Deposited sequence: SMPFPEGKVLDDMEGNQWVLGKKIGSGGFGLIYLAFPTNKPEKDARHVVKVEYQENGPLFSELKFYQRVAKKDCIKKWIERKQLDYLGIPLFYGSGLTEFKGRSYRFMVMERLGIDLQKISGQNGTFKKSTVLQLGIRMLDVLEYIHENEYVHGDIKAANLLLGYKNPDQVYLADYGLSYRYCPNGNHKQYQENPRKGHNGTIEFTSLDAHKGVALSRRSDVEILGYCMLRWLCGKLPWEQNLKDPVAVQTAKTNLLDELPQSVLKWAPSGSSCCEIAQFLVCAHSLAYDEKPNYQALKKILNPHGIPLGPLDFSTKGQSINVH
């Protein structure tokens, strides 16, 4: 797509592409463009199906003013959901592409991870809390993410200290108009998600519900703290991963307590996974209890620490 190509979204706002960075470009509004881009445009084929799933999520859930009301009521410094500005179709060389105009963000956490994709314990716990805030909000709004992992956490651009959950490509409306999906194992559609982190429900082909996002976040924090998960050697074998995950949850808390090196306790992560595994399929997580598990002293959250000293 040429720099300067002008996109018109469904609301009739016009967007001029910048430089590429699927395909993702800097973007500016035609009307009152700032020096510096605060928007990006994500582009994919119209048939491109994950972008459409994303569009549904963002259009339904990422309402700037609703988030603003939530942040204020819940006393959050921020919520790690990127803002959504518009969507539409554009044509280039005979084909029609769907695009979404999104808040500009910075670097993904996979890139800025230390030794063997690890973060300092304080950073792990804070990331967990920030994600619980996102989960509570999207869950309240009938959606689950299904794919929390470092590559889908991005730091802000305009605010580089804030962390954002992105890529709602596997997001799922689990409770459309308050009707919670039924539990059904589909043995034709098992083992979806990122195999390293996906939930047992996903392994069994069960429609994602709230507990699955909490479970996945638990696997993530264990991976971020300890540096590799018990199934590291099994990733090309989904069944074996399922088995390893089953055993880990079945043998909590010790499965997790034992895994940790002498430095970094998994006490918080163990109890987190205990809480997560206690949930019924249609059950609402105790997000406040979970946040407290990760922040036992109730410290204010401060800068994320990505330092690498000595490695």
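Report the unmodelled segments of the deposited sequence as residue ranges counted from 1. Seq positions lacking coordinates: 1-3, 25-29, 320-324.
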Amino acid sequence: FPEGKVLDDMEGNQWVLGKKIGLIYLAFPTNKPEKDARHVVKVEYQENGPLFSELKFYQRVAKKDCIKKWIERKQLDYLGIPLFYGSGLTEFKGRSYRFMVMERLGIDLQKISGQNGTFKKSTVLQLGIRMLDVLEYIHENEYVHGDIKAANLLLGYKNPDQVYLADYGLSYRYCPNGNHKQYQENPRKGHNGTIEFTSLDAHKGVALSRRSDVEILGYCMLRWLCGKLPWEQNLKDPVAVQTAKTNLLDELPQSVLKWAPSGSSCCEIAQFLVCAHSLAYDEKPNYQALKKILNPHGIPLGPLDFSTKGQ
From here on, numbers count along this sequence of modelled residues.
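If you superpose the two forms and keep the largest set of C-alpha atoms that fall within 1.5 Å, you have the rigid core.
86-94 versus 186-194: which one's CA atoms end up farther from this form in 4 other deposited structures of this protein after a core fit? Relative to the shown form, the greater RMS C-alpha distance in 4 other deposited structures of this protein belongs to 86-94.
Comparing against the shown form in 4 other deposited structures of this protein, which stretch has the larger RMS C-alpha deviation after a rigid core superposition, 151-159 or 130-138? If we average over structures and residues in 4 other deposited structures of this protein, the farther stretch is 151-159.
Does at least a third of the other compared PDB entries (those resolving both flanking residues) leave residue 265 without coordinates? Result for residue 265: never missing in the compared entries.
Hey, does residue 48 show up as a hole in at least a third of the other compared models? Residue 48: unmodelled in at least a third of the other compared entries.
Which has the higher mean CA temperature factor in the PDB entry, 250-258 or 46-54? Mean B over CA atoms: larger for 46-54.
Read off the CA B-factors in the entry, average them over 285-293 and over 299-307, and name the higher stretch. Higher mean C-alpha B-factor in the PDB entry: 299-307.
Between 265, 59, 278, 243, which one tops the list for Cα B-factor in this entry? Most elevated C-alpha B-factor of the set, per the entry: 265.
Have a look at 113, 212, 87, 192 and flag the one whose Cα has the highest B-factor in the entry. The record points to 113.
Would you please rank residue 235 by its C-alpha temperature factor against the other modelled residues of its chain and give the third it falls in: lowest, middle or highest? Highest third, going by the recorded CA B-factors of the chain.
Taking the entry's C-alpha B-factors for this chain, is residue 67 in the lowest, middle or highest third? Tercile = middle for this residue's CA B-factor.
Among the modelled residues of its chain, does the C-alpha B-factor of residue 164 lie in the lowest, middle or highest third? Lowest third.
What third of its chain, lowest, middle or highest, does the C-alpha temperature factor of residue 123 fall into? Tercile = middle for this residue's CA B-factor.
Entry-reported Cα temperature factor of residue 76, expressed as the chain third it lands in: Middle third by C-alpha B-factor.
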